[PDB]
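Everything on this sheet refers to the single structure shown next.
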Amino acid sequence: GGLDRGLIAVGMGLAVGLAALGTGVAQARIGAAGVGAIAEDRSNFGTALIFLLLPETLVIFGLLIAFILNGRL
Amino acid sequence: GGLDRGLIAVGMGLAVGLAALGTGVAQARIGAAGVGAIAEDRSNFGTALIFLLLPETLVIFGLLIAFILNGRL
Amino acid sequence: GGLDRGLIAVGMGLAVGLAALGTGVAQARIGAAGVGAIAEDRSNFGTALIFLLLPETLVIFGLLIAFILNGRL
Amino acid sequence: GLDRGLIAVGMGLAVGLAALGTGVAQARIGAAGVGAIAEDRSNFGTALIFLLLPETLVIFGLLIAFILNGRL
Amino acid sequence: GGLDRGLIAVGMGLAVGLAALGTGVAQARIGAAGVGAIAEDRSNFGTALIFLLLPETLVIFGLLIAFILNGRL
Amino acid sequence: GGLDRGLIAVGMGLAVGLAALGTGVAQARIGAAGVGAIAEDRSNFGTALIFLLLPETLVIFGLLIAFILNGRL
Amino acid sequence: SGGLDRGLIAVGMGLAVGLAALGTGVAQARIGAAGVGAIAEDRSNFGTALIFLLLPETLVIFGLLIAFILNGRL
Amino acid sequence: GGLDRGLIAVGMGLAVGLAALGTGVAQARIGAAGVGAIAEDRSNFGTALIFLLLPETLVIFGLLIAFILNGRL
Amino acid sequence: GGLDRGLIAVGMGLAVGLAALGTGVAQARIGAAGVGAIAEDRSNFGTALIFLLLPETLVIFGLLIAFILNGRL
Amino acid sequence: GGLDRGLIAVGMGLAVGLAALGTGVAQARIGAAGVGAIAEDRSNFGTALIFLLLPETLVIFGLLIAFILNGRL
Amino acid sequence: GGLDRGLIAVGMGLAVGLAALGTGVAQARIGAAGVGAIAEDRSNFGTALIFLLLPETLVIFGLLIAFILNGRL
Amino acid sequence: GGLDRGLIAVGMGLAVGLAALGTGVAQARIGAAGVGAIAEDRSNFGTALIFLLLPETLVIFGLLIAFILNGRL
Amino acid sequence: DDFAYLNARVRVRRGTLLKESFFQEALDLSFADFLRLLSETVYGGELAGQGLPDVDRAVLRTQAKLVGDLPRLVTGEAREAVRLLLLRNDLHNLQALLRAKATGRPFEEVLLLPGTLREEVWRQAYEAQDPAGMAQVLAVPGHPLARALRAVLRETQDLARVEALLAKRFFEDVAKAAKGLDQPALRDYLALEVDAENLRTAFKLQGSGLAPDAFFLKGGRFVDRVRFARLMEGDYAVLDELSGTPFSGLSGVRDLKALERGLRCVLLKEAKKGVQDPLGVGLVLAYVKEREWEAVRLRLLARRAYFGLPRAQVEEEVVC
Amino acid sequence: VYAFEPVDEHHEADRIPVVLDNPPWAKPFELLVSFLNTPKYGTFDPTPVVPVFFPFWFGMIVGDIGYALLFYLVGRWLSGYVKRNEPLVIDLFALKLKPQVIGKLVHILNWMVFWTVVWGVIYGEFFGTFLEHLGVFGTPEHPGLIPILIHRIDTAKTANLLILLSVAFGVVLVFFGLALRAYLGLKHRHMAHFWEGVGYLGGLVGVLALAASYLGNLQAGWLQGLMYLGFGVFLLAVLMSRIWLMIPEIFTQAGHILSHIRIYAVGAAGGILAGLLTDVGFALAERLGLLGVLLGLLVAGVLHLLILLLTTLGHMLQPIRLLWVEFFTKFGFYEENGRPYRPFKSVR
């Protein structure tokens, strides 16, 4: 506790924030290309939605790691 | 709270800042593509605003982790 | 012992700075696309300003979390 | 003796990275505005309003710096 | 622990976050090229799915390292 | 007691340095677009110089914060 | 069982593994974009594109070996 | 001084280095545009030189801040 | 012992990680141009692979410095 | 003795590294556009070398600050 | 004699890693343009390899600094 | 002592690695344009090699600071 | 540099067009129904009077309004890629000014429709004593013609072989600038343009029997110099060797008309494939190519309606 | 012979035109709903619920009495311009607008300013913070008059309640949207949409119960079978769909429900910004001098007006932005846009 809890919160916050940064970095070009595709044709909305939703697995893994850090702290 | 309270707030703050950084990183390309698609026509804006508002779960997870860090303290 | 308020304010400053960095990162491409659209036609500057103002929720949530940190300080 | 300088360090980091983000926005904003102004002088006010739209982050950073100065 | 366990957890969180950042940096251009190829034809859906699933090896290595760090916490 | 006046000086220096970094980041595109416009037409030097020098307010606010830190110390 | 070295060694191993993962993904971004363009051009050179994509994993393998060595001699 | 002299030197060095980084960041695109304008014609040599040398005001302000810090050190 | 062994391992990890980051940074554009030349023709396997394998020297030097630090460890 | 020697050395190293980083950031686009304009013609090569050597003033100011730091040390 | 050898190893690791980062940063565009010239002209492989080897001077200086640090401690 | 000595090498590393980072950042686009000019014509190789070797002045100043630090300790 | 801010207006212009149903309805038209359908179209913004030349000037003004701003709305890399997109009318006006200078025709005798340079720079370079001086009076900062005519200007002042070498230098500088930037989509189209230019020169020069390596340029990938010599010989088998490349249906057609139509259809399908990179310049290139194909088909259809040409007469031109 | 039949039913009424059927109080909400497309002729127009919720959310967001006074004064100026009865022609905006649009805007401004003044009294904010000088609200630190509901400078008692209320409003809106989606799938006999809305509601109930049980307080006994039945209902309607509408769609609906806390965040941020501006102005005016209070108060009011012009438009829009993002998309509102009622004009 104390230095353990503060460093645990620091590491969990770094993990969650950098996972969110990577997911947004993927989602930038993913949503840009999906919006360009929907501007070409809206008939591929499902595959483009799947391609946009694909960047959330790293966020789910980071949330699980943060839950493991909260259970350990 | 000693080393717990001083560093846990920093660990929440780094998470919130990096999550907002990744959210804006997604939002740059998403807003540029949506502005180009709305400049193409003012008729497919319903999917454009949907793809624009889809990049919010990272900031949502960051705010939920901030609430969890506030409750844990 | 008196190094918790300064560390909490340091983490809140990191939060606010990285959140404003991500907000300006979104606003770069958003305002560039909105300017390139509204200069072509002076009929969609309002919808462009809507997308330009849509990204301030990150700065608002960062200020709210910073106020939560100041209340916990 | 340690909660008085680290607060100022975090406020300085906040103001500096807020100015960095505002300049990151204003780079593309001023590039597009200068391109539109070189295109036509009649589109000055809309580009000026679009450039002035980016001042909210600088206002929030100045408010955070004032609140940290009031705390420290 | 109070001093070693916090540093080990901070390093594990930094590992997971940087792995997610690199995976998103890959997945940006990966999803861009995949959306372009799917807009070309839907016949390359399985190939684009395999190309999108290829970017998870570093995240799986980070997950195995995080499991080993939780076992050595 | 030490490490507090020097800490405030390091924070003011970080503020001034990153504010100058943001001012230069704006000034890069501002000067490039102004050079392109002046090569297009040298009669438009005044408004281009105004749009270039508009980005000095961040450095002005950083110098004001540095003067406030010098007055506080 | 160091008071701070036992955590700092694992923190450095995690920094190595995360930076190797970031560099491998940074190479794999352009590698997968070029391979996707080549496969959309023709789906005949998939083996050469797969070899060019798998070429970027050597740094991740070296970082994993260094992390295994750091977890062993911790 | 104790250790605060090295801390003041660290803050002044970080300020001067980030000011030089922002000045070179401003100088990159401005010098590329000035080299393009000089390859276009030689009548815009002095204007491109003034636009390239305009970025040194941030370096001058950073040198003044470093001089004030050395006067404090 | 104390904290010197973990700090030396942290330095070796930073060396290996950022050396691998630089090797992948070179290899990104190098293999992009190589895969472009491969998409041009298959008659460059003895040169594109050479240009790909040319960049492993920095990773080899970083691994040598890491082995020297592990011998110091 | 005192760790302010190592702290001043850390700040001087940060100053020198960031000054060389900004000078190289300018020199990237400067040397690219200069090599293009010289591959066009060597008729403006004197002003091209002047614009290339214009980026050394930041390194000169950083070396002046480093000499002030070394003389104060 | 506390954390001096470990901090020296941390500094040498930072030097080696960021020097290899810069060498790979050069070698990205260097190898891309060299592969473009080699696909353009197979007789232009020698000058392309010379330009590829031209960027390893920073890696040689980093290895020399690593040997100087190994001698200094 | 055992704290000031490792921090001086840490500052030397922060100088050397970031200076080589800036040098390679300069060398990237410059060598790209030079290899393009050499693929255009192998007659301006002298000025191309001159521009390739011109960017080492910041690395020379950083190595001078590193030698001054090695002479100090 | 803005590959998205100009692309917003490019998508705005691509959303406003006359579809193929407007031509299929005008497939039975006699220039009055066609004059109304073009008067109802975007060319009706420029439909001033009546006649084949009036509809010609209206289509020219419509194309120069819908596509002529692409030289504007960009600065730097995007402006360079846009200036090295519509190099046809600019090099046409340059060769026309060179023909008026080396032949004796007046500068007002030349029409010199809009390419990439203004009328003042062309009027300054038309009355010019030196070829390097003319290329410097017409030296725009992003003009690769300024970097090609000045490069080939150390041969003569205004000649014919010098003009052929300057055109070869213009194509080589276009391909070198296409390789000289981050152009994964644009260098392919530029090399396809250069290779199709060499292939169309061999197809229209089928039976000339000249030196093929003197006619073959550098940069092509669809064929080889041995295939170039086999196509310089009167054999469409090397033209039948184009299989797996972008020339899909092009095999066994030795006529210059059939080979040029196959090259045009292959280039239309290639530039139409630019939509995979929409945030770059491939969407703008696809929109410009579609506008060019529809505008040339509308010029052919306006001539077909003014002449009463049959549906079987506009059939080989109504394919693209 | 005028065969005056009705339109086709909810199965493919697409060539049938659309028109709003709102009350006279609900007539001005049709102007804001005109930003959206026309309906599916069997799709429920939520424009009355839009005028119910976005006025209440904008009232809870805008709680400055000086800002509401400026809104009422601008409404009086626009009412004088509508008494001049010209088309509202701003050549600066290059927009000549109908005076009926100006009257609908004035009516919407009044209907929003009612709730704005109501929540500003609930916030206890008079022209920003006039309670610093004259405590017309009652705090325990500075009791000058009767108490205010929201402290707005103190938040430790206010953060949990504000977050709970902002979560509850969005949860009720998400429940209403899922119920409307299921009712539209039932009325159109679209059992795919009905089963999708039912599975969304079941998964949302199970996820909310599991979140409040595990992440909230203890005593998860009443919520264990709740989360189990919610997950079972979600899996059952997923099998009744079998379309691989995965957990991403449920997480998207969850984030859409969770986005309602940003309204409370933005309202608290605007209130704290106005309070900090007014407090710094009152400090440097009266607490620094008590005689340059007029010039310092003028400078503080000018800075507050600049901040209002910078931020209050986005503060009013983001409630409407979240409303259009949530209530429309929860009911679809991107399905072929129906047909428009386009008769002959006879403009006169």
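Rounded if a/c is under 1.5, else prolate if a/b is larger than b/c, else oblate: which is chain N, with a ≥ b ≥ c the root eigenvalues of its Cα gyration tensor? Verdict is oblate for chain N. Would you mind telling me which residue in M:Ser243, M:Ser30, M:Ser21 has the biggest mean-square fluctuation in a Gaussian network model of chain M, where springs connect alpha carbons within a distance under 10 angstrom? The residue that fluctuates most here is M:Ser21.
Placing pseudo-labels 7 Å out from each Cα toward the beta carbon at L:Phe45 and N:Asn110 gives an inter-label distance of 8.6 nm.
Three semi-axes describe the equivalent ellipsoid of the range I:1-46; taken as square roots of 5 times the Cα gyration tensor eigenvalues and ordered largest first, they are 40, 8, 4 Å. Positive end of the dipole of the protein assembly as shown (Cβ unit charges, origin at the Cα centre): among N:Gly301, H:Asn44, N:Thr139, the Cα lying farthest that way belongs to N:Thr139. Nearest 500 deg cm²/dmol is fine: what mean residue ellipticity at 222 nm does the protein assembly as shown get from its DSSP H runs of n ≥ 4 alone, each adding -39,500 (n - 2.57), divided by its residue count? That calculation yields -24500 deg cm²/dmol at 222 nm.
In chain K, the longest principal axis of the Cα atoms and the axis of helix K:5-40 are about 0 degrees apart. Counting every alpha-carbon pair across the range H:25-73, the share separated by more than 14 Å comes to 58%. Here the Karplus curve 6.51 cos²θ - 1.76 cosθ + 1.60, taken at θ = phi - 60°, turns the phi angles of the range M:207-220 into couplings of x, 6, x, 7, 5, x, 5, 6, 8, 6, 9, 10, x, x Hz, with x standing for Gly and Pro. Using the Stokes-Einstein relation with a Kirkwood hydrodynamic radius computed over Cα pairs, the translational diffusion coefficient of the range M:237-320 at 37 °C and a viscosity of 0.692 mPa s comes to 230 µm²/s. Pairs with C-alpha atoms separated by more than 30 Å, drawn from the list M:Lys176/M:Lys289; N:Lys104/N:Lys330; M:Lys19/N:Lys187; M:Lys168/M:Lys273; M:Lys65/N:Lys345, are M:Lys19/N:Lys187; M:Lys65/N:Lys345.
Would you calculate the volume per residue, in Å³, of the smallest convex hull containing every Cα atom of chain M? Could the numbers behind the result be given before it?
Values: hull volume 46.8 nm³, N = 320.
Residue-normalised Cα hull volume stands at 146 Å³.
Describe numerically, in nm with one decimal, the distance between label points set 7 Å from Cα along Cα→Cβ at M:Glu260 and at N:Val299. Simple spin-label model gives 7.7 nm for this pair.
Please work out the Cα center distance from the range D:33-72 to the range K:27-65, rounded to the nearest Å. Cα centres, the range D:33-72 to the range K:27-65: 44 Å.
Compute the distance from the alpha-carbon center of the range N:251-306 to that of the range N:4-23, in whole Å. Using only Cα atoms, the two centres lie 48 Å from each other. Find how many whole Å separate the alpha carbon centroid of the range A:3-19 from the alpha carbon centroid of the range N:308-348. Result: 42 Å between the Cα centres. Over chain M, with a Gaussian network built from C-alpha contacts below 10 Å, which listed residue (M:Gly220, M:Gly274, M:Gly104) shows the highest mean-square fluctuation? Fluctuation is largest for M:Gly104. The angle separating the long axis of helix N:247-258 from the principal Cα axis of greatest extent in chain N is about 30 degrees.
Could you tell me what a quarter of the Cα convex hull surface of the range M:1-157 works out to, in nm² with one decimal place?
Details: hull surface 44.5 nm².
The directionally averaged projection comes out at 11.1 nm².
Maximal additional length on extending the M:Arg221-M:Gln50 stretch stands at 56.9 nm, based on 0.36 nm per residue less the C-alpha distance. Spin-label pair I:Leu64-M:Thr16: with each label point 7 Å from Cα along the Cα-Cβ axis, the two points sit 6.6 nm from one another.
Based on every Cα atom in the range M:7-81, Rg and the maximum pairwise Cα distance Dmax equal 14.8, 47 Å. Taking Cα atoms only, the orientation of helix D:55-71 departs from the longest principal axis of chain D by about 10 degrees. Restricting the calculation to alpha carbons of the protein assembly as shown gives Rg and Dmax of 33.5, 109 angstrom.
Look at the alpha carbon pairs under 8 Å that are at least 6 residues apart: their mean separation over the length of chain M gives a relative contact order of 16 percent.
Values quoted throughout were computed directly from the atomic coordinates according to the rules given, and no laboratory measurement underlies them. FYI the Cβ positions are ideal-geometry reconstructions off the backbone, even for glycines, and counts take in every protein chain you see.
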